[PDB]
Amino acid sequence: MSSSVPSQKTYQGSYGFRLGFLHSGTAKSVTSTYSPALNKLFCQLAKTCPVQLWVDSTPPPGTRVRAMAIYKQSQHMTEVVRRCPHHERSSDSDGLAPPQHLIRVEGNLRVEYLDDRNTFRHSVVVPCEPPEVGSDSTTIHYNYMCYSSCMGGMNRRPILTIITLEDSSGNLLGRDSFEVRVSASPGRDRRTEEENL
Ligand SMILES: *CCC(=O)n1c2ccccc2c2cc(C=O)ccc21
Ligand SMILES: [Zn+2]
C-alpha cells in the first residue's frame with residue numbers, strides 16, 4: 001500500500017519519554033491487559049485502553065502525542081493498516097474518527113486525525129497534558145476498532161502501535177511502541193500467549 005515504512009526505533013529523547021501500562025491481570029472480565037513479556041497489549045474491539053506517559057523534565061509547550069499502527073512482519077510493513085470493509089461501514093463512528101481509522105482516542109475533544117497524503121497512513125494525535133494533581137503520569141484512553149482476525153483487515157496479522165511525541169511544529173521528541181492483539185477474549189489470549197513462551 002505505502003511507499004515508506006516508519007522507523008520503529010524506540011528512543012527516549014532529551015526528556016526521557018516512555019510509556020506505562022496498568023497491571024490488569026488476565027481475568028476473564030478485563031477490557032485490556034498488557035503482557036510485559038510480550039510487550040504486547042491484548043484487548044477487545046472498541047473497549048477502553050488506558051496508556052500512561054512519563055517524562056522527567058519539562059517539554060516545550062504545544063506538544064502533541066500521536067499514535068500509529070504498522071504490521072509486524074517484514075513482508076507486510078508497507079501495507080497500510082486500516083479497518084476492514086465490514087467494520088469501516090458500521091456507522092458507529094464517534095463523529096471524529098475517520099470511519100476507516102483503527103485507533104481512536106476516547107474522551108478527548110482535542111483529538112486530531114490525519115490521513116497522510118504521502119505515506120497514506122492514518123494516525124491520531126492529541127495534545128500532551130501533564131499528570132493530574134497528585135498523579136505522576138498522563139493517561140490516554142485509546143480504542144481499537146477491528147479484531148486482529150478481521151479478514152480484509154489485518155486478517156490475523158500482528159501489529160505494532162507506535163506512539164511518538166512531537167512538538168507543536170511536528171518534530172520528533174521520543175518514540176515507543178508495542179504490539180497489539182485484538183480479540184473478544186483478551187485475558188485468555190494473554191494467558192495462552194505467555195504460556196507458549
Ligand atoms: C505533556 C505532559 C507533561 O507535560 N508532563 C508529564 C506527563 C506524564 C508524567 C510526567 C509529566 C511531567 C513532568 C514535568 C516536570 O517534571 C513536566 C511536565 C510533565
Ligand atoms: Zn473488521
# chains A, B, ... in the order shown; residues from 1 in each chain; ligands from 1
call {"tool": "residues_around", "arguments": {"residues": "residue 6 of chain A", "least_positions_apart": "2", "cutoff": "9 Å", "atoms": "only C-alpha atoms", "output": "PyMOL selection string"}}
result
chain A and resi 4+8+70+77
call {"tool": "write_last_selection", "arguments": {"atoms": "N, CA and C atoms", "output": "PDB file, in the first residue's frame"}}
result
ATOM      1  N   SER A   4       6.687   4.035   2.029  1.00  0.00           N
ATOM      2  CA  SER A   4       7.722   4.061   3.045  1.00  0.00           C
ATOM      3  C   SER A   4       7.304   3.140   4.169  1.00  0.00           C
ATOM      4  N   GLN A   8      10.779   2.424  13.702  1.00  0.00           N
ATOM      5  CA  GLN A   8      10.213   1.916  14.934  1.00  0.00           C
ATOM      6  C   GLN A   8      11.242   1.930  16.042  1.00  0.00           C
ATOM      7  N   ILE A  70       1.405  -0.323  12.642  1.00  0.00           N
ATOM      8  CA  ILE A  70       2.012  -0.944  11.467  1.00  0.00           C
ATOM      9  C   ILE A  70       2.077  -2.447  11.663  1.00  0.00           C
ATOM     10  N   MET A  77       4.997  -4.765   6.171  1.00  0.00           N
ATOM     11  CA  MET A  77       5.100  -3.469   6.809  1.00  0.00           C
ATOM     12  C   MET A  77       4.788  -2.305   5.874  1.00  0.00           C
TER      13      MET A  77
END
call {"tool": "residues_near_ligand", "arguments": {"ligand": "ligand 1", "cutoff": "8 Å", "atoms": "only C-alpha atoms and all ligand atoms", "output": "VMD selection string"}}
result
chain A and resid 52 to 59 63 to 64 127 to 131 136 to 139
call {"tool": "write_last_selection", "arguments": {"atoms": "N, CA and C atoms", "output": "PDB file, in the first residue's frame"}}
result
ATOM      1  N   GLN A  52      -0.299   5.131  29.820  1.00  0.00           N
ATOM      2  CA  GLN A  52       0.278   6.235  30.559  1.00  0.00           C
ATOM      3  C   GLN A  52       1.526   6.732  29.855  1.00  0.00           C
ATOM      4  N   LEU A  53       1.794   8.006  30.033  1.00  0.00           N
ATOM      5  CA  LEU A  53       3.013   8.634  29.583  1.00  0.00           C
ATOM      6  C   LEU A  53       3.765   9.172  30.779  1.00  0.00           C
ATOM      7  N   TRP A  54       5.087   9.153  30.638  1.00  0.00           N
ATOM      8  CA  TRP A  54       6.018   9.632  31.634  1.00  0.00           C
ATOM      9  C   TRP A  54       7.120  10.389  30.930  1.00  0.00           C
ATOM     10  N   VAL A  55       7.463  11.551  31.481  1.00  0.00           N
ATOM     11  CA  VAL A  55       8.680  12.279  31.154  1.00  0.00           C
ATOM     12  C   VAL A  55       9.327  12.672  32.468  1.00  0.00           C
ATOM     13  N   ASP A  56      10.570  13.124  32.368  1.00  0.00           N
ATOM     14  CA  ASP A  56      11.379  13.546  33.500  1.00  0.00           C
ATOM     15  C   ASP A  56      11.389  15.049  33.666  1.00  0.00           C
ATOM     16  N   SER A  57      11.623  15.766  32.578  1.00  0.00           N
ATOM     17  CA  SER A  57      11.784  17.207  32.580  1.00  0.00           C
ATOM     18  C   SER A  57      10.622  17.848  31.843  1.00  0.00           C
ATOM     19  N   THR A  58      10.681  19.177  31.718  1.00  0.00           N
ATOM     20  CA  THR A  58       9.590  19.955  31.133  1.00  0.00           C
ATOM     21  C   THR A  58       9.727  20.008  29.617  1.00  0.00           C
ATOM     22  N   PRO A  59       8.758  19.511  28.864  1.00  0.00           N
ATOM     23  CA  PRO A  59       8.840  19.582  27.440  1.00  0.00           C
ATOM     24  C   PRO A  59       8.350  20.934  26.975  1.00  0.00           C
ATOM     25  N   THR A  63       3.002  20.618  22.839  1.00  0.00           N
ATOM     26  CA  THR A  63       3.397  19.285  22.450  1.00  0.00           C
ATOM     27  C   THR A  63       2.190  18.408  22.187  1.00  0.00           C
ATOM     28  N   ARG A  64       2.358  17.479  21.246  1.00  0.00           N
ATOM     29  CA  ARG A  64       1.301  16.597  20.769  1.00  0.00           C
ATOM     30  C   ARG A  64       1.810  15.160  20.782  1.00  0.00           C
ATOM     31  N   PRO A 127      -3.277  16.605  22.246  1.00  0.00           N
ATOM     32  CA  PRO A 127      -2.319  17.444  22.965  1.00  0.00           C
ATOM     33  C   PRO A 127      -1.740  16.695  24.141  1.00  0.00           C
ATOM     34  N   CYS A 128      -0.514  17.047  24.499  1.00  0.00           N
ATOM     35  CA  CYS A 128       0.142  16.445  25.650  1.00  0.00           C
ATOM     36  C   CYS A 128      -0.176  17.250  26.901  1.00  0.00           C
ATOM     37  N   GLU A 129      -0.783  16.598  27.903  1.00  0.00           N
ATOM     38  CA  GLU A 129      -1.187  17.255  29.134  1.00  0.00           C
ATOM     39  C   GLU A 129      -0.554  16.612  30.361  1.00  0.00           C
ATOM     40  N   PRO A 130      -0.164  17.416  31.333  1.00  0.00           N
ATOM     41  CA  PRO A 130       0.562  16.913  32.476  1.00  0.00           C
ATOM     42  C   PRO A 130      -0.304  16.025  33.343  1.00  0.00           C
ATOM     43  N   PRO A 131       0.310  15.276  34.261  1.00  0.00           N
ATOM     44  CA  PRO A 131      -0.467  14.376  35.115  1.00  0.00           C
ATOM     45  C   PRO A 131      -1.389  15.150  36.029  1.00  0.00           C
ATOM     46  N   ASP A 136       1.298  11.248  38.661  1.00  0.00           N
ATOM     47  CA  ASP A 136       2.640  11.457  38.141  1.00  0.00           C
ATOM     48  C   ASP A 136       2.776  11.010  36.698  1.00  0.00           C
ATOM     49  N   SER A 137       1.688  10.620  36.041  1.00  0.00           N
ATOM     50  CA  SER A 137       1.724  10.161  34.663  1.00  0.00           C
ATOM     51  C   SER A 137       0.458  10.634  33.982  1.00  0.00           C
ATOM     52  N   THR A 138       0.466  10.635  32.648  1.00  0.00           N
ATOM     53  CA  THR A 138      -0.707  11.062  31.895  1.00  0.00           C
ATOM     54  C   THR A 138      -1.351   9.850  31.256  1.00  0.00           C
ATOM     55  N   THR A 139      -2.651   9.704  31.406  1.00  0.00           N
ATOM     56  CA  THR A 139      -3.360   8.581  30.819  1.00  0.00           C
ATOM     57  C   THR A 139      -4.102   9.034  29.573  1.00  0.00           C
TER      58      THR A 139
END
call {"tool": "closest_atom_pairs", "arguments": {"of": "chain A", "to": "ligand 2", "cutoff": "12 Å", "atoms": "only C-alpha atoms and all ligand atoms", "output": "CSV"}}
result
residue,atom,partner,partner_atom_place_in_ligand_line,distance
A:45,CA,ligand 2,1 (Zn),9.3
A:46,CA,ligand 2,1 (Zn),11.2
A:81,CA,ligand 2,1 (Zn),11.1
A:82,CA,ligand 2,1 (Zn),8.7
A:83,CA,ligand 2,1 (Zn),5.4
A:84,CA,ligand 2,1 (Zn),4.2
A:85,CA,ligand 2,1 (Zn),6.7
A:86,CA,ligand 2,1 (Zn),5.7
A:87,CA,ligand 2,1 (Zn),4.4
A:88,CA,ligand 2,1 (Zn),7.2
A:89,CA,ligand 2,1 (Zn),9.4
A:90,CA,ligand 2,1 (Zn),9.3
A:99,CA,ligand 2,1 (Zn),11.3
A:100,CA,ligand 2,1 (Zn),9.7
A:101,CA,ligand 2,1 (Zn),10.8
A:102,CA,ligand 2,1 (Zn),9.0
A:144,CA,ligand 2,1 (Zn),10.1
A:145,CA,ligand 2,1 (Zn),7.1
A:146,CA,ligand 2,1 (Zn),4.2
A:147,CA,ligand 2,1 (Zn),5.9
A:148,CA,ligand 2,1 (Zn),8.1
A:149,CA,ligand 2,1 (Zn),7.9
A:150,CA,ligand 2,1 (Zn),4.6
A:151,CA,ligand 2,1 (Zn),7.0
A:152,CA,ligand 2,1 (Zn),7.4
A:153,CA,ligand 2,1 (Zn),5.7
A:154,CA,ligand 2,1 (Zn),8.1
A:155,CA,ligand 2,1 (Zn),8.7
A:156,CA,ligand 2,1 (Zn),10.7
A:182,CA,ligand 2,1 (Zn),10.3
A:183,CA,ligand 2,1 (Zn),10.9
call {"tool": "write_last_selection", "arguments": {"atoms": "N, CA, C and O atoms", "output": "short mmCIF file (atom, residue, chain, number, x, y, z; two decimals), in the first residue's frame"}}
result
data_model
loop_
_atom_site.label_atom_id
_atom_site.label_comp_id
_atom_site.auth_asym_id
_atom_site.auth_seq_id
_atom_site.Cartn_x
_atom_site.Cartn_y
_atom_site.Cartn_z
N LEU A 45 -12.29 -5.12 21.03
CA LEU A 45 -12.54 -4.12 20.00
C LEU A 45 -13.41 -2.98 20.53
O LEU A 45 -14.53 -3.21 20.98
N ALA A 46 -12.90 -1.76 20.47
CA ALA A 46 -13.65 -0.57 20.85
C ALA A 46 -13.80 -0.41 22.35
O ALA A 46 -14.54 0.48 22.80
N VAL A 81 -2.39 -0.10 7.53
CA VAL A 81 -3.33 -0.75 8.43
C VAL A 81 -4.59 0.10 8.52
O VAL A 81 -4.54 1.31 8.74
N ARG A 82 -5.73 -0.53 8.27
CA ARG A 82 -7.00 0.17 8.23
C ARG A 82 -8.09 -0.81 8.60
O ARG A 82 -7.88 -2.02 8.61
N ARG A 83 -9.26 -0.28 8.90
CA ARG A 83 -10.35 -1.18 9.25
C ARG A 83 -10.79 -1.97 8.03
O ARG A 83 -10.53 -1.60 6.89
N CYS A 84 -11.42 -3.10 8.29
CA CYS A 84 -11.86 -3.94 7.20
C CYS A 84 -13.14 -3.40 6.61
O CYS A 84 -13.83 -2.59 7.22
N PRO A 85 -13.49 -3.84 5.41
CA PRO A 85 -14.70 -3.32 4.76
C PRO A 85 -15.93 -3.34 5.65
O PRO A 85 -16.71 -2.39 5.67
N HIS A 86 -16.12 -4.43 6.38
CA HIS A 86 -17.28 -4.55 7.25
C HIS A 86 -17.27 -3.49 8.34
O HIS A 86 -18.23 -2.74 8.50
N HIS A 87 -16.15 -3.39 9.07
CA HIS A 87 -16.13 -2.50 10.22
C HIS A 87 -16.17 -1.04 9.80
O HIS A 87 -16.92 -0.25 10.38
N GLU A 88 -15.40 -0.68 8.78
CA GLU A 88 -15.42 0.68 8.26
C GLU A 88 -16.83 1.18 8.02
O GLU A 88 -17.13 2.35 8.28
N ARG A 89 -17.71 0.32 7.50
CA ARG A 89 -19.09 0.67 7.19
C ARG A 89 -20.06 0.30 8.30
O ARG A 89 -21.21 -0.04 8.02
N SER A 90 -19.65 0.37 9.56
CA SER A 90 -20.52 0.01 10.67
C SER A 90 -21.28 1.20 11.24
O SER A 90 -22.09 1.01 12.16
N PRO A 99 -13.96 6.88 9.45
CA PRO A 99 -14.57 5.55 9.59
C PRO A 99 -13.64 4.41 9.25
O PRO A 99 -13.98 3.26 9.52
N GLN A 100 -12.51 4.68 8.61
CA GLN A 100 -11.54 3.65 8.29
C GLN A 100 -10.37 3.63 9.25
O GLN A 100 -9.47 2.81 9.08
N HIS A 101 -10.35 4.49 10.26
CA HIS A 101 -9.24 4.53 11.20
C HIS A 101 -9.42 3.51 12.32
O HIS A 101 -10.47 3.47 12.98
N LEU A 102 -8.37 2.75 12.57
CA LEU A 102 -8.39 1.65 13.54
C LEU A 102 -8.30 2.15 14.97
O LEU A 102 -8.97 1.62 15.87
N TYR A 144 -9.38 0.35 19.75
CA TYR A 144 -9.05 -0.35 18.52
C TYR A 144 -10.32 -0.95 17.94
O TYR A 144 -11.04 -1.68 18.63
N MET A 145 -10.60 -0.65 16.68
CA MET A 145 -11.92 -0.82 16.10
C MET A 145 -12.06 -2.03 15.18
O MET A 145 -13.09 -2.18 14.52
N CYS A 146 -11.05 -2.90 15.12
CA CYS A 146 -11.12 -4.16 14.39
C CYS A 146 -10.47 -5.26 15.21
O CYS A 146 -9.55 -5.02 16.00
N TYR A 147 -10.97 -6.48 15.06
CA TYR A 147 -10.32 -7.64 15.66
C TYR A 147 -9.08 -8.01 14.86
O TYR A 147 -9.03 -7.82 13.64
N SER A 148 -8.08 -8.56 15.55
CA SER A 148 -6.87 -8.95 14.84
C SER A 148 -7.17 -9.95 13.72
O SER A 148 -6.46 -9.98 12.71
N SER A 149 -8.23 -10.73 13.86
CA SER A 149 -8.56 -11.76 12.90
C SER A 149 -9.44 -11.26 11.74
O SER A 149 -9.95 -12.06 10.97
N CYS A 150 -9.61 -9.95 11.60
CA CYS A 150 -10.53 -9.47 10.57
C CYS A 150 -9.97 -9.74 9.18
O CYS A 150 -8.93 -9.20 8.79
N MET A 151 -10.71 -10.52 8.41
CA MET A 151 -10.36 -10.71 7.02
C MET A 151 -10.59 -9.40 6.27
O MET A 151 -11.45 -8.60 6.62
N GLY A 152 -9.78 -9.18 5.24
CA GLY A 152 -9.77 -7.89 4.59
C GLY A 152 -9.23 -6.77 5.44
O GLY A 152 -8.96 -5.69 4.90
N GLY A 153 -9.04 -7.00 6.74
CA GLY A 153 -8.37 -6.05 7.59
C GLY A 153 -6.98 -6.60 7.83
O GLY A 153 -6.29 -6.91 6.86
N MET A 154 -6.55 -6.75 9.08
CA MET A 154 -5.25 -7.36 9.29
C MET A 154 -5.26 -8.79 8.83
O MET A 154 -4.27 -9.30 8.30
N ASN A 155 -6.39 -9.46 9.01
CA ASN A 155 -6.52 -10.85 8.61
C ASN A 155 -5.61 -11.73 9.46
O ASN A 155 -4.97 -12.65 8.97
N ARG A 156 -5.53 -11.42 10.75
CA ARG A 156 -4.66 -12.16 11.65
C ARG A 156 -3.20 -11.80 11.47
O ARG A 156 -2.32 -12.65 11.56
N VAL A 182 -6.01 -7.80 19.03
CA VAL A 182 -7.40 -7.53 19.33
C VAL A 182 -8.18 -8.81 19.13
O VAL A 182 -8.06 -9.47 18.09
N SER A 183 -8.97 -9.14 20.13
CA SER A 183 -9.86 -10.29 20.11
C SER A 183 -10.96 -9.98 21.11
O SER A 183 -10.91 -8.98 21.83
#
call {"tool": "closest_residue", "arguments": {"among": "A:37, A:19, A:159, A:180", "to": "residue 195 of chain A", "atoms": "only C-alpha atoms"}}
result
A:37
call {"tool": "residues_around", "arguments": {"residues": "residue 194 of chain A", "least_positions_apart": "4", "cutoff": "9 Å", "atoms": "only C-alpha atoms", "output": "mmCIF file with N, CA and C atoms, in the first residue's frame"}}
result
data_model
loop_
_atom_site.group_PDB
_atom_site.id
_atom_site.type_symbol
_atom_site.label_atom_id
_atom_site.label_comp_id
_atom_site.auth_asym_id
_atom_site.auth_seq_id
_atom_site.Cartn_x
_atom_site.Cartn_y
_atom_site.Cartn_z
ATOM 1 N N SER A 35 0.945 -7.530 28.387
ATOM 2 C CA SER A 35 1.897 -8.593 28.654
ATOM 3 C C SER A 35 3.323 -8.065 28.691
ATOM 4 N N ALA A 37 5.999 -9.457 29.129
ATOM 5 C CA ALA A 37 6.938 -10.346 28.465
ATOM 6 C C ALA A 37 6.817 -10.254 26.958
ATOM 7 N N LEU A 38 5.611 -10.052 26.452
ATOM 8 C CA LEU A 38 5.405 -9.873 25.031
ATOM 9 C C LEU A 38 5.575 -8.427 24.591
ATOM 10 N N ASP A 189 -6.380 -14.904 25.954
ATOM 11 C CA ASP A 189 -5.337 -14.880 24.938
ATOM 12 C C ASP A 189 -3.999 -14.493 25.548
ATOM 13 N N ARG A 190 -3.987 -13.539 26.477
ATOM 14 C CA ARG A 190 -2.718 -13.165 27.090
ATOM 15 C C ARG A 190 -2.142 -14.330 27.866
#
call {"tool": "closest_residue", "arguments": {"among": "A:123, A:164, A:118, A:185", "to": "residue 11 of chain A", "atoms": "only C-alpha atoms"}}
result
A:164
call {"tool": "select_by_dssp", "arguments": {"residues": "segment 2-197 of chain A", "states": "helix (DSSP H, G or I)", "output": "PyMOL selection string"}}
result
chain A and resi 74-76+85-88+186-195
call {"tool": "write_last_selection", "arguments": {"atoms": "C-alpha atoms", "output": "compact mmCIF listing (two decimals), in the first residue's frame"}}
result
# COMPACT_ATOMS: atom_id res chain seq x y z
CA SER A 74 8.82 -7.81 7.42
CA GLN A 75 6.68 -8.76 4.42
CA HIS A 76 3.66 -6.68 5.48
CA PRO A 85 -14.70 -3.32 4.76
CA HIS A 86 -17.28 -4.55 7.25
CA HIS A 87 -16.13 -2.50 10.22
CA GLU A 88 -15.42 0.68 8.26
CA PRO A 186 -8.06 -10.71 25.85
CA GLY A 187 -7.37 -12.22 29.28
CA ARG A 188 -7.40 -15.78 27.99
CA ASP A 189 -5.34 -14.88 24.94
CA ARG A 190 -2.72 -13.16 27.09
CA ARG A 191 -2.56 -16.16 29.39
CA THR A 192 -2.15 -18.54 26.46
CA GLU A 193 0.43 -16.47 24.63
CA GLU A 194 2.59 -16.19 27.70
CA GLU A 195 2.28 -19.93 28.22
call {"tool": "atom_distance", "arguments": {"atom1": "atom CA of residue 98 of chain A", "atom2": "atom CA of residue 113 of chain A"}}
result
7.2 Å
call {"tool": "residues_around", "arguments": {"residues": "residue 48 of chain A", "least_positions_apart": "6", "cutoff": "7 Å", "atoms": "only C-alpha atoms", "output": "NGL selection string"}}
result
:A and (31 or 141-143)
call {"tool": "write_last_selection", "arguments": {"atoms": "N, CA and C atoms", "output": "compact mmCIF listing (two decimals), in the first residue's frame"}}
result
# COMPACT_ATOMS: atom_id res chain seq x y z
N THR A 31 -11.06 -5.38 30.28
CA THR A 31 -11.22 -4.81 28.95
C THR A 31 -9.88 -4.65 28.22
N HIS A 141 -6.77 7.40 26.72
CA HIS A 141 -7.69 6.29 26.54
C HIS A 141 -7.87 6.03 25.05
N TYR A 142 -7.28 4.94 24.57
CA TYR A 142 -7.33 4.53 23.18
C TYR A 142 -8.40 3.47 22.97
N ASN A 143 -8.77 3.28 21.70
CA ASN A 143 -9.64 2.20 21.28
C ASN A 143 -9.14 1.64 19.96
call {"tool": "atom_distance", "arguments": {"atom1": "atom CA of residue 135 of chain A", "atom2": "atom CA of residue 28 of chain A"}}
result
28.4 Å
call {"tool": "closest_residue", "arguments": {"among": "A:117, A:15, A:104, A:165", "to": "residue 69 of chain A", "atoms": "only C-alpha atoms"}}
result
A:104
call {"tool": "atom_distance", "arguments": {"atom1": "atom CA of residue 175 of chain A", "atom2": "atom CA of residue 13 of chain A"}}
result
8.0 Å
call {"tool": "select_by_dssp", "arguments": {"residues": "segment 5-197 of chain A", "states": "strand (DSSP E or B)", "output": "JSON, numbers by chain"}}
result
{"A": [11, 18, 19, 20, 32, 33, 34, 35, 40, 41, 42, 43, 49, 50, 51, 52, 53, 54, 64, 65, 66, 67, 68, 69, 70, 71, 103, 104, 105, 112, 113, 114, 115, 122, 123, 124, 125, 126, 127, 138, 139, 140, 141, 142, 143, 144, 159, 160, 161, 162, 163, 164, 165, 166, 172, 173, 174, 175, 176, 177, 178, 179, 180, 181, 182]}
call {"tool": "write_last_selection", "arguments": {"atoms": "C-alpha atoms", "output": "mmCIF file, in the first residue's frame"}}
result
data_model
loop_
_atom_site.group_PDB
_atom_site.id
_atom_site.type_symbol
_atom_site.label_atom_id
_atom_site.label_comp_id
_atom_site.auth_asym_id
_atom_site.auth_seq_id
_atom_site.Cartn_x
_atom_site.Cartn_y
_atom_site.Cartn_z
ATOM 1 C CA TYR A 11 14.067 6.418 21.501
ATOM 2 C CA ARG A 18 8.371 6.432 27.875
ATOM 3 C CA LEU A 19 5.042 4.629 28.074
ATOM 4 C CA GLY A 20 3.486 2.816 31.006
ATOM 5 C CA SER A 32 -7.458 -4.688 28.279
ATOM 6 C CA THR A 33 -4.286 -6.177 29.710
ATOM 7 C CA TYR A 34 -0.593 -5.716 28.946
ATOM 8 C CA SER A 35 1.897 -8.593 28.654
ATOM 9 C CA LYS A 40 2.137 -6.749 23.558
ATOM 10 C CA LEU A 41 -1.281 -5.497 24.544
ATOM 11 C CA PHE A 42 -4.357 -7.723 24.487
ATOM 12 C CA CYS A 43 -7.701 -6.013 24.204
ATOM 13 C CA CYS A 49 -7.428 1.026 26.736
ATOM 14 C CA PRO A 50 -5.547 3.412 29.072
ATOM 15 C CA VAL A 51 -1.895 4.140 28.294
ATOM 16 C CA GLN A 52 0.278 6.235 30.559
ATOM 17 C CA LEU A 53 3.013 8.634 29.583
ATOM 18 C CA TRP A 54 6.018 9.632 31.634
ATOM 19 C CA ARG A 64 1.301 16.597 20.769
ATOM 20 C CA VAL A 65 1.210 12.818 21.240
ATOM 21 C CA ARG A 66 0.491 10.707 18.188
ATOM 22 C CA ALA A 67 -0.352 7.047 17.698
ATOM 23 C CA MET A 68 0.024 4.854 14.605
ATOM 24 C CA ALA A 69 -0.185 1.142 13.768
ATOM 25 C CA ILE A 70 2.012 -0.944 11.467
ATOM 26 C CA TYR A 71 2.043 -4.630 10.650
ATOM 27 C CA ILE A 103 -7.194 3.648 16.558
ATOM 28 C CA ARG A 104 -9.448 6.159 18.275
ATOM 29 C CA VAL A 105 -8.717 8.304 21.287
ATOM 30 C CA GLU A 112 -6.828 15.122 15.578
ATOM 31 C CA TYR A 113 -6.958 12.536 12.838
ATOM 32 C CA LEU A 114 -4.624 12.549 9.890
ATOM 33 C CA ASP A 115 -4.595 10.608 6.672
ATOM 34 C CA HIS A 122 -3.699 7.044 9.318
ATOM 35 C CA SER A 123 -2.745 8.444 12.689
ATOM 36 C CA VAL A 124 -4.435 10.007 15.705
ATOM 37 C CA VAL A 125 -2.686 12.719 17.751
ATOM 38 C CA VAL A 126 -3.837 14.689 20.794
ATOM 39 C CA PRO A 127 -2.319 17.444 22.965
ATOM 40 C CA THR A 138 -0.707 11.062 31.895
ATOM 41 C CA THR A 139 -3.360 8.581 30.819
ATOM 42 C CA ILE A 140 -4.679 8.468 27.263
ATOM 43 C CA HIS A 141 -7.692 6.286 26.538
ATOM 44 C CA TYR A 142 -7.332 4.528 23.176
ATOM 45 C CA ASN A 143 -9.636 2.197 21.280
ATOM 46 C CA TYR A 144 -9.049 -0.348 18.522
ATOM 47 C CA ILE A 159 0.706 -5.215 14.583
ATOM 48 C CA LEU A 160 2.723 -2.648 16.484
ATOM 49 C CA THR A 161 1.421 0.555 17.980
ATOM 50 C CA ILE A 162 3.979 3.329 17.593
ATOM 51 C CA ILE A 163 3.498 6.287 19.888
ATOM 52 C CA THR A 164 5.603 9.325 19.043
ATOM 53 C CA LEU A 165 5.894 12.548 20.937
ATOM 54 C CA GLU A 166 6.195 15.636 18.700
ATOM 55 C CA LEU A 172 10.134 14.079 16.983
ATOM 56 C CA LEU A 173 10.933 14.130 20.716
ATOM 57 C CA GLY A 174 10.674 10.452 21.539
ATOM 58 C CA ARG A 175 9.176 7.209 20.350
ATOM 59 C CA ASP A 176 7.951 3.977 21.930
ATOM 60 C CA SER A 177 5.770 1.146 20.714
ATOM 61 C CA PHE A 178 4.260 -2.231 21.433
ATOM 62 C CA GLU A 179 2.490 -4.989 19.604
ATOM 63 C CA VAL A 180 -1.239 -5.492 19.869
ATOM 64 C CA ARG A 181 -3.714 -8.324 19.516
ATOM 65 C CA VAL A 182 -7.400 -7.531 19.331
#
call {"tool": "decode", "arguments": {"residues": "segment 32-74 of chain A", "atoms": "C-alpha atoms", "output": "PDB file, in the first residue's frame"}}
result
ATOM      1  CA  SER A  32      -7.458  -4.688  28.279  1.00  0.00           C
ATOM      2  CA  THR A  33      -4.286  -6.177  29.710  1.00  0.00           C
ATOM      3  CA  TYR A  34      -0.593  -5.716  28.946  1.00  0.00           C
ATOM      4  CA  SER A  35       1.897  -8.593  28.654  1.00  0.00           C
ATOM      5  CA  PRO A  36       5.248  -7.281  29.926  1.00  0.00           C
ATOM      6  CA  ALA A  37       6.938 -10.346  28.465  1.00  0.00           C
ATOM      7  CA  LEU A  38       5.405  -9.873  25.031  1.00  0.00           C
ATOM      8  CA  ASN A  39       5.468  -6.058  25.189  1.00  0.00           C
ATOM      9  CA  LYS A  40       2.137  -6.749  23.558  1.00  0.00           C
ATOM     10  CA  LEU A  41      -1.281  -5.497  24.544  1.00  0.00           C
ATOM     11  CA  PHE A  42      -4.357  -7.723  24.487  1.00  0.00           C
ATOM     12  CA  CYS A  43      -7.701  -6.013  24.204  1.00  0.00           C
ATOM     13  CA  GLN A  44     -11.244  -6.129  22.951  1.00  0.00           C
ATOM     14  CA  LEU A  45     -12.543  -4.119  20.000  1.00  0.00           C
ATOM     15  CA  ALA A  46     -13.645  -0.573  20.851  1.00  0.00           C
ATOM     16  CA  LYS A  47     -13.179  -1.069  24.592  1.00  0.00           C
ATOM     17  CA  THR A  48     -11.204   1.456  26.580  1.00  0.00           C
ATOM     18  CA  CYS A  49      -7.428   1.026  26.736  1.00  0.00           C
ATOM     19  CA  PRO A  50      -5.547   3.412  29.072  1.00  0.00           C
ATOM     20  CA  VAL A  51      -1.895   4.140  28.294  1.00  0.00           C
ATOM     21  CA  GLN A  52       0.278   6.235  30.559  1.00  0.00           C
ATOM     22  CA  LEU A  53       3.013   8.634  29.583  1.00  0.00           C
ATOM     23  CA  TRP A  54       6.018   9.632  31.634  1.00  0.00           C
ATOM     24  CA  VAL A  55       8.680  12.279  31.154  1.00  0.00           C
ATOM     25  CA  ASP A  56      11.379  13.546  33.500  1.00  0.00           C
ATOM     26  CA  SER A  57      11.784  17.207  32.580  1.00  0.00           C
ATOM     27  CA  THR A  58       9.590  19.955  31.133  1.00  0.00           C
ATOM     28  CA  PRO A  59       8.840  19.582  27.440  1.00  0.00           C
ATOM     29  CA  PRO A  60       8.199  22.589  25.250  1.00  0.00           C
ATOM     30  CA  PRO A  61       4.651  23.948  25.119  1.00  0.00           C
ATOM     31  CA  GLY A  62       2.199  22.868  22.481  1.00  0.00           C
ATOM     32  CA  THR A  63       3.397  19.285  22.450  1.00  0.00           C
ATOM     33  CA  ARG A  64       1.301  16.597  20.769  1.00  0.00           C
ATOM     34  CA  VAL A  65       1.210  12.818  21.240  1.00  0.00           C
ATOM     35  CA  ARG A  66       0.491  10.707  18.188  1.00  0.00           C
ATOM     36  CA  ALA A  67      -0.352   7.047  17.698  1.00  0.00           C
ATOM     37  CA  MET A  68       0.024   4.854  14.605  1.00  0.00           C
ATOM     38  CA  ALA A  69      -0.185   1.142  13.768  1.00  0.00           C
ATOM     39  CA  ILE A  70       2.012  -0.944  11.467  1.00  0.00           C
ATOM     40  CA  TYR A  71       2.043  -4.630  10.650  1.00  0.00           C
ATOM     41  CA  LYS A  72       4.704  -6.590  12.429  1.00  0.00           C
ATOM     42  CA  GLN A  73       6.247  -8.970   9.910  1.00  0.00           C
ATOM     43  CA  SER A  74       8.821  -7.814   7.417  1.00  0.00           C
TER      44      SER A  74
END
